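Reviewing the structure listed below.
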Amino acid sequence: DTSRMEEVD
Amino acid sequence: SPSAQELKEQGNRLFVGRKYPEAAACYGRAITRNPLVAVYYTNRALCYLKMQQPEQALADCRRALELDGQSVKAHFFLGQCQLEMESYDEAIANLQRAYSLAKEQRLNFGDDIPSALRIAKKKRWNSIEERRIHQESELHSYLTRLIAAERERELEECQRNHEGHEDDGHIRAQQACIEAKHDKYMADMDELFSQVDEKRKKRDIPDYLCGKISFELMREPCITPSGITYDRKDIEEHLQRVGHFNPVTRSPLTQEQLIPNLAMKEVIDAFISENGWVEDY
């Protein structure tokens with residue numbers, strides 16, 4: 001349940 | 001009439017909806033509305049990348065950083081772009097840096113960085129690798145042409161032997177017919193000069209030799225009760241900076257439970273001791 005970078009927040 | 005914070009949200013909805021050219025244009029109105037906001041630029045930069053246009057993204061990052069030189073995302077994306085532009089050195093540098101910041105700021109992405117980092121390292125090496133000369137050989141340069149020669153004596157000295165009995169259609173297949181006979185005869189040869197103690201063989205670094213975290217060659221491999229092998233220096237901090245669980249199996253792991261994978265060190269050592277490159281990788 002982290003969070004990626006290829007995402008616009 | 002719409003506020004910059006609303007225009008960004010709008011674009012946010014589009015980008016998630018995969019409408020990249022539309023979302024990007026949406027971030028552009030939020031930027032004209034208020035230039036002084038780093039988020040906008042980095043976001044738009046991601047649209048450009050998905051839109052396969054590092055030209056723009058590179059510029060937009062070169063602005064997000066002017067308003068936040070500590071931006072993890074800005075650095076990550078900037079490096080990304082440089083990859084496309086084929087500036088392998090800088091690219092890996094900004095990724096490298098974007099990685100330290102992320103660690104420093106106590107942010108978490110996992111893989112996302114060491115992965116693309118390891119990927120950028122591989123795509124770089126691929127370059128200067130296909131750039132090497134290898135230097136043919138004494139006997140090679142010789143036999144290499146001896147074949148090309150025997151080929152002319154046929155294609156250009158035994159093909160027009162029957163311009164009538166074998167028109168275009170016929171010897172058009174009778175051509176590649178022998179060509180493959182020689183392209184192979186030589187093929188078997190090449191494998192000879194390569195397996196003949198020659199270093200002319202593609203030089204790459206395996207994967208099972210890298211850590212599941214660091215994503216790079218391990219220098220102090222050690223395994224866990226689960227069975228995964230990480231670098232003692234990486235799962236070292238992960239245990240005192242993220243929790244007490246296996247970064248893969250997510251099992252209840254604790255530092256005084258790590259076993260040194262001696263057999264691995266061996267394999268890794270032997271590798272290095274044989275491979276001149278590396279360190280340059």
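Naming works like this for the structure tokens: A, B, ... for the chains as they're shown, residue 1 at the start of each chain, ligands 1 onward in shown order.
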Could you make a table, as JSON lines, of the residues of chain A that have an atom within 7 Å of an atom of chain B, each with its nearest atom pair and distance in Å to one decimal, counting only C-alpha atoms, in chain and number order?
```
{"residue": "A:2", "atom": "CA", "partner": "B:109", "partner_atom": "CA", "distance": 6.0}
{"residue": "A:3", "atom": "CA", "partner": "B:109", "partner_atom": "CA", "distance": 5.5}
{"residue": "A:4", "atom": "CA", "partner": "B:109", "partner_atom": "CA", "distance": 5.4}
{"residue": "A:5", "atom": "CA", "partner": "B:112", "partner_atom": "CA", "distance": 6.8}
{"residue": "A:8", "atom": "CA", "partner": "B:43", "partner_atom": "CA", "distance": 5.4}
```
TODO: Give the helix (DSSP H, G or I) residues of region 175-227 of chain B, as assigned by DSSP on the backbone, as a ChimeraX atom specification.
DONE: /B:175-195
Task: Residue nearest residue 281 (chain B) among B:187, B:30, B:119, B:253 (counting only C-alpha atoms) - done: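 Smallest distance to residue 281 (chain B) is found for B:119.
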Task: Between CA of residue 99 (chain B) and CA of residue 278 (chain B), distance in Å (one decimal) - done: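 Atom-to-atom, CA of residue 99 (chain B) and CA of residue 278 (chain B) are spaced 21.3 Å apart.
Atom pair CA of residue 265 (chain B) / CA of residue 247 (chain B): separated by 21.1 Å.
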Open item on the list: Need the shell around region 248-251 of chain B: protein/DNA/RNA residues with any atom at most 10 Å away, counting only C-alpha atoms. Skip same-chain ones fewer than 4 positions apart. Format as a PyMOL selection string?
Closed with: chain B and resi 212-213+224-228+244
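Atom pair CA of residue 52 (chain B) / CA of residue 114 (chain B) has a distance of 22.2 Å (rounded to one decimal).
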Using only C-alpha atoms, which protein or nucleic acid residues come within 10 Å of residue 233 (chain B)? Drop anything in the same chain fewer than 6 positions from it, and give the result as an mmCIF file with N, CA and C atoms, in the first residue's frame.
```cif
data_model
loop_
_atom_site.group_PDB
_atom_site.id
_atom_site.type_symbol
_atom_site.label_atom_id
_atom_site.label_comp_id
_atom_site.auth_asym_id
_atom_site.auth_seq_id
_atom_site.Cartn_x
_atom_site.Cartn_y
_atom_site.Cartn_z
ATOM 1 N N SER B 214 18.306 -3.384 -3.252
ATOM 2 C CA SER B 214 19.272 -2.560 -3.940
ATOM 3 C C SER B 214 19.158 -2.693 -5.451
ATOM 4 N N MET B 218 25.413 -7.607 -5.160
ATOM 5 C CA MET B 218 25.571 -7.680 -3.713
ATOM 6 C C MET B 218 27.001 -7.908 -3.269
ATOM 7 N N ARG B 219 27.406 -7.235 -2.199
ATOM 8 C CA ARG B 219 28.758 -7.375 -1.698
ATOM 9 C C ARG B 219 28.789 -8.094 -0.367
ATOM 10 N N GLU B 220 27.627 -8.244 0.260
ATOM 11 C CA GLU B 220 27.534 -8.932 1.552
ATOM 12 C C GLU B 220 26.219 -9.691 1.626
ATOM 13 N N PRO B 221 25.955 -10.547 0.633
ATOM 14 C CA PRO B 221 24.715 -11.322 0.596
ATOM 15 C C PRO B 221 24.375 -12.112 1.840
ATOM 16 N N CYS B 222 23.103 -12.071 2.208
ATOM 17 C CA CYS B 222 22.614 -12.841 3.335
ATOM 18 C C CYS B 222 21.147 -13.083 3.104
#
```
TODO: Write out as a VMD selection string the residues lying within 10 Å of region 131-143 of chain B, counting only C-alpha atoms and excluding same-chain residues fewer than 3 positions away.
DONE: chain B and resid 125 to 128 146 to 149 186 189 to 190 193 198 to 201
Task: Residues within 8 Å of residue 239 (chain B), only C-alpha atoms, excluding chain neighbours under 6 positions, as a list in words - done: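 My reading of the contact set: residues 245, 254 and 255 of chain B.
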Those same residues - C-alpha atoms - I'd like them written as a PDB file, in the first residue's frame.
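File produced: out-v7.pdb:
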```
ATOM      1  CA  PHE B 245       9.117  -7.471   8.192  1.00  0.00           C
ATOM      2  CA  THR B 254      14.220  -9.361  12.827  1.00  0.00           C
ATOM      3  CA  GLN B 255      17.859  -8.382  12.306  1.00  0.00           C
TER       4      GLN B 255
END
```
